[PDB]
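Step one of this worksheet: look at the structure below.
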Amino acid sequence: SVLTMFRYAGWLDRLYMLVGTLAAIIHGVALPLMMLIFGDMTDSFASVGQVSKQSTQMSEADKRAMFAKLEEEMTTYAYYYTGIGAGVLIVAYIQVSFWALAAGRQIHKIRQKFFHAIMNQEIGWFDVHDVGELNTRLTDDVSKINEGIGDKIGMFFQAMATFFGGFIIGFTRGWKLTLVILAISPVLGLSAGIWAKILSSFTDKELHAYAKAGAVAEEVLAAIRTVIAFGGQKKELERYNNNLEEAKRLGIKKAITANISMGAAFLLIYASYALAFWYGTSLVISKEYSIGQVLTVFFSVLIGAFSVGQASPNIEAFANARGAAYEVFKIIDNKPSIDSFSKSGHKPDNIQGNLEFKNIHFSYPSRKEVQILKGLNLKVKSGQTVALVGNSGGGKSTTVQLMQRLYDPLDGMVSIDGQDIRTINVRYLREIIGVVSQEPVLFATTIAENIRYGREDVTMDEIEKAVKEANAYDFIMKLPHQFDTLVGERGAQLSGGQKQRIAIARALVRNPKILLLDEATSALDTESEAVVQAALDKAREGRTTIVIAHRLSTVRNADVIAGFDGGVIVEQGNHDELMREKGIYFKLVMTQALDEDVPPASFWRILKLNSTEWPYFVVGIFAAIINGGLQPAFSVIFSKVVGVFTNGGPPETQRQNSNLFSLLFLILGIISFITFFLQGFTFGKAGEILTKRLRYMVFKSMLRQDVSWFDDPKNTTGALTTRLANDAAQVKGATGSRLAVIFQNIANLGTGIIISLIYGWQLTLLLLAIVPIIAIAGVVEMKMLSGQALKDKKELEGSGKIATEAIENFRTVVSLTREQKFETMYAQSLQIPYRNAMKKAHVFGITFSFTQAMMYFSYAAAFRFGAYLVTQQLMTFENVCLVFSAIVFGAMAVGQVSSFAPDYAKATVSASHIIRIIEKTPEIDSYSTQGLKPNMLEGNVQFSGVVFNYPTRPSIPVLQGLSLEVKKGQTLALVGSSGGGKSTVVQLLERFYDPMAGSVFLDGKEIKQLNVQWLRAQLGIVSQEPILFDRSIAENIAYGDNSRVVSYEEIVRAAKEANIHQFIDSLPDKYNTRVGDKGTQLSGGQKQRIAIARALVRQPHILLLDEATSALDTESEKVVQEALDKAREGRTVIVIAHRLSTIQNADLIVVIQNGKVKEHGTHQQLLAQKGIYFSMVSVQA
Ligand SMILES: CC(C)CCC[C@@H](C)[C@H]1CC[C@H]2[C@@H]3CC=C4C[C@@H](OC(=O)CCC(=O)O)CC[C@]4(C)[C@H]3CC[C@]12C
Ligand SMILES: CC(C)CCC[C@@H](C)[C@H]1CC[C@H]2[C@@H]3CC=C4C[C@@H](OC(=O)CCC(=O)O)CC[C@]4(C)[C@H]3CC[C@]12C
Ligand SMILES: *SC[C@@H]1NC(=O)c2csc(n2)[C@H](C)NC(=O)c2csc(n2)[C@H](C)NC(=O)c2csc1n2
Ligand SMILES: Nc1ncnc2c1ncn2[C@@H]1O[C@H](COP(=O)(O)OP(=O)(O)OP(=O)(O)O)[C@@H](O)[C@H]1O
Ligand SMILES: Nc1ncnc2c1ncn2[C@@H]1O[C@H](COP(=O)(O)OP(=O)(O)OP(=O)(O)O)[C@@H](O)[C@H]1O
Ligand SMILES: [Mg+2]
Ligand SMILES: [Mg+2]
């Protein structure tokens, strides 16, 4: 991985880098050549000659003729000087722009090569690795490359060109002294390389810690609903805090090593100064070198050293970029075993429907010890329907996944028409099969767009036909924005049944040759299920169909039914034979806005948030002023020492006394090293602590918000993660070492100004008359940068949304073969910041050229005015070139200040957004302690005429009116059609939303009056399609009560009560078995049962089951229901179910249509009053 960061540089990028390097070399060798022309070195001082020759220079007119010639030669410089500046105005641009143009073109291509690779890996790779980190790798990690292959390289080459040109000019004039000085540069190289490797290693680890924090944040934000229901905000915050603390610990060490690198560089530069003076004194003692010659070398080898000292940060940035490019290119270079982008494979023109499963042995990559399938055999002829039945966790979804070739069977072969599916092209194979997953997942787009994912070239007529066949037409057209209605992420703004019909339509619209249904009627009502099964029965002969069901009514008419037992199919035949066979199937059947742009002082408000670190800042600013004012003060000291050296007395004893002055240079080097390290370290550590607390506060505020805040289409999971990372990563770029260099530069300007006024006079006016133009350049830059910051942030959250949406839902994306579509969407999202980067590149080039050229112009104007003033005789020739050094350093510091305004402009907008998110208080405040906390509750729930509509489609009334009353130790059953609002009442009892009209009572007390945390802790909830975190089984069960430490014994009791303890015991690592993202490393039944155990371990007073047996075998349903019935006494229970067997025993059943409470009563009462309930019970008859 050495020197591979530029893998994606084409010919245009190569010429950009080459011409930029040449321009950088030209711009660097300017300073060596400004001295080489003024290297004639024999004009010396006529006045210095005058102290010796005052008797000779007593003549008034001949001393004037000298002064007048001095003008002539001085203007001779200011001419050349101006020309030099003109040249800079070209070459400076040509470097920065081009290097930036070479970086933006590669960073843009890296992101597309990264994401493509992410979409190229297979399902086993996603199962093994933690993919929640990938999102940060896309946003933060690649960003660290952008700052290390840009114009920083150009400025590095500029400084090294300055250094080496000065050393070569020095070699031509004074060779020995030059070798003695150059013998130190290997130490600089060794130090810089060692510090660079250390810094790169630390950056790798810091990026890893940030990726882990991002994975935690993404997992929490995707399951925020279960987080809020169980009150788990503090534990997620603590996990985030631990990752942030590790990242801060790494960042502090990074700051320490970078600052120690800079300090060591400066120390060794001053040591080189001392060595040069000592060798020069020795040489003039041996008389081998003319004193003139010694100043020729000194004045030619001693500025590129400070150039290298200034170039150290570019080395740091490149090291950080190399450290960041590790994981990105490791993922890029990976090659899938099952390649879905390969063009080499069989693509049969005619395909019938014969499936073959011979001797299928398979174990998942994550759990190799556990065997799932062992000798599986299955023959599926064409036009036939083969149903898969058995206990939950048997391996039916595994077989359906093997059909799509998401995994390679370990033993045996899966084949179509006698051809191994390995030989057939992966994309072609996955394109000819339609799939409905067990809990179907949609994307955060319109209904029509979601259906269009199944097949791209579908007309509205075909979409409508598929929707009609899927029994989804009525609710779609009942919605405003019929096919343009926005569904939430993971289709969470539709009901479970509606989402399932949308997925069925998506699978049907691609006219599959092989149809795969994974319990496609799990969330449907008996009437909806009957309609859907009839519709798929009408068109069945054209395509073979494999179906998995726990509702055996759909299986009743299947051509062939296969039963699972021990990873093999034990029974195989039609309904008649299997009932005659008296086997597992028989038992299963017989079982019974803009906000005022950006406010000023937002960045000031962030810094004021970092007020506990005031000693750090005061120490840093004292060190900054000291080491900033040293450089002009060191220039004055150098001038005085040179004046002593050139006019040294005849004894050699005092030449050694100036050699004693060389120790003052070592003292200055040591003190500069201390001050540089101190200021850098203090500012870096303060910035790190500010960044850590800033991300902590932003995430804490995010967890505080209402559910209505998460349903907002701008607040998606990917958008939230991108905002969380970026809003704090942009403040960091203007609060660390950059504020330190700002303070150093303002101190430098002040010191240079003070030196200018005292030593000479009237050249200070020039130094003040120039600052406004550099300020104007800064302003004209800052305007464009401020606009682009808002635009880039807004459109970067859009790309983060796409990336997270694709990564989290990768199995659906692969099943639908939509990797190319998501790459295209990602690129289209990336397009705008690309052009912003190009414009920003050219703007930086222009600004840099202007600042440097105006520096040279200021030098030329200084010499012009100095010559004109020497014509007035007001001030001597020593001060004119001293104030020249002062103006040089001060104006250059002011120019370097200007390269910061873009960062300040981004930091102020990020600061404003961070302040806005932190102070946002919700209507239903989770963190609020105020509110009623009853000492005991009777256990009564009353929905006394509740009228509610969701705050995403507020025109639609979801609960037009319904009155419910619940007594302690009773049981409500909630039945009805899909979309009737059964889940809505449970979400209201959870205080996820607040009803407009009506009210909800707990023991006759308004729910708003009670404390939200207490109310949520008094009740336990199981949702329609449960979400399990990517942790151990016991950790997921222990999530039931976060206000105490749940015992392992209690976890085992809860697991046993939920009919899951057997499976967990059978697993290696037992309850410590790690379940994957969203519980996808378990089956639907096991995940549901573990969710039941989680809601049971807390022993709630109010139990809220929401289709808690939706994905469960009838034998598992019976056991779970009888266990629930044992504890029905002394426990209020509310049950939402579409399978009516678990409902007959309930104390009372309420049938709701479209949000109304029309029918209620016991099972006998509802069965007697023939109507909706009687029709639902007797659908199959
Ligand atoms: C900021 C400081 C610390 C930079 C220190 C590292 C430099 C020595 C690097 C940075 C940019 C690099 C250049 C960027 C890209 C290329 C293209 C590269 O061409 C390739 O793609 C590889 C060779 C080939 O196959 O032709 C040749 C080296 C070169 C000029 C690199 C040479 C090494 C450079 C100058
Ligand atoms: C031929 C050289 C050794 C003569 C001495 C030249 C010097 C002026 C020094 C000062 C800074 C040095 C550079 C500091 C930074 C680096 C990066 C470092 O290599 C890496 O990039 C290491 C990997 C990483 O970045 O983590 C060592 C080489 C190089 C180009 C150094 C080369 C030698 C340089 C130019
Ligand atoms: S003029 C202010 C500063 N120079 C000195 O303080 C100084 C003391 S003694 C001395 N310079 C000897 C006489 N100078 C040289 O030998 C010499 C050769 S080339 C050269 N100076 C170039 C033209 N000087 C500078 O660039 C320069 C900037 S500030 C400065 N000297
Ligand atoms: N990605 C995975 N990694 C590891 N183990 C898995 C993975 N997916 C499933 N398993 C396990 O392998 C077994 C097969 O479960 P599978 O999903 O095939 O069941 P199923 O027949 O679809 O049942 P259900 O009716 O519960 O949906 C189960 O024990 C399950 O926990
Ligand atoms: N978060 C949401 N935002 C907007 N509308 C929603 C949201 N959740 C549900 N809806 C809509 O409100 C209505 C209420 O449906 P709800 O989910 O309450 O039904 P349900 O009885 O739980 O359904 P099922 O039995 O299919 O699970 C439906 O029309 C649904 O599309
Ligand atoms: Mg399954
Ligand atoms: Mg529901």
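Structure above, values below:
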| read-out | value |
| --- | --- |
| Number of positions in segment 716-753 that are within 19 Å of the chain's Cα centre (by Cα) and within 30 Å of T764 (Cα to Cα) | 0 |
| Criterion: farther than 30 Å from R427 by Cβ and either within 16 Å of ligand 6 (Cβ to nearest atom) or not in a helix (DSSP H, G or I) (or both) - qualifying residue of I149, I145, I153 | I149 |
| Candidates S999, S1043, filtered to the one that is of a type in the set (G, A, S) and part of a loop (DSSP other than H, G, I, E, B) | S1043 |
| Qualifying helices (runs of 4 or more DSSP H) (wholly inside segment 661-766; at least 3 residues being among the hydrophobic types (A, V, I, L, M, F, W, C) and touching a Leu at 6+ places or on another chain (Cβ under 8 Å)) | 717-731 |
| Test: residue in segment 278-295 that is in a helix (DSSP H, G or I) and within 46 Å of the chain's Cα centre (by Cα) | no |
| Residue among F357, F341, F329 that is among the aromatic types (F, W, Y) and assigned to a helix (DSSP H, G or I) | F329 |
| Matching option when the condition is among the aliphatic types (A, V, I, L, M), touching a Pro at 6+ places or on another chain (Cβ under 8 Å) and surrounded by 18 or more Cβ atoms within 10 Å (Cβ to Cβ), among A507, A503, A466, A558 | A503 |
| One residue from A276, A305, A229, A271 being surrounded by fewer than 19 Cβ atoms within 10 Å (Cβ to Cβ) and farther than 26 Å from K144 by Cβ | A271 |
| Residue list for segment 358-370, filter: in contact with a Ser or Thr (Cβ under 7 Å, 6 or more places away or on another chain) and crowded, with 18+ Cβ neighbours inside 10 Å | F362 |
| Selection count, segment 857-889, where residues are away from ligand 3 (no atom under 14 Å from the Cβ) and either under 17 Å from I754 (Cβ atoms) or not in a helix (DSSP H, G or I) (or both) | 2 |
| Qualifying residues in segment 1017-1033 (those that are surrounded by fewer than 22 Cβ atoms within 10 Å (Cβ to Cβ) and more than 26 Å from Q500 (Cβ to Cβ)) - the one nearest to the chain's Cα centre (by Cα) | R1031 |
| In segment 1063-1080, residue surrounded by the most Cβ atoms within 10 Å (Cβ to Cβ) [restricted to those that are away from ligand 4 (no atom under 11 Å from the Cβ) and not in a loop (DSSP other than H, G, I, E, B)] | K1078 |
| Residues satisfying the stated conditions in segment 1-39, i.e. of a type in the set (S, T, N, Q) and more than 30 Å from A78 (Cα to Cα) | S1, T4 |
| Spans of helices (runs of 4 or more DSSP H) in segment 1081-1173 with at least 1 residues surrounded by fewer than 22 Cβ atoms within 10 Å (Cβ to Cβ) and not assigned by TED's automatic domain parsing to the domain that holds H129 | 1114-1126, 1163-1168 |
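The values are calculated or read from the model by the stated rules, or taken from the named source; nothing here is a laboratory result. Cβ sites come from the backbone with ideal geometry, for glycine too, and all protein chains shown count toward neighbours.
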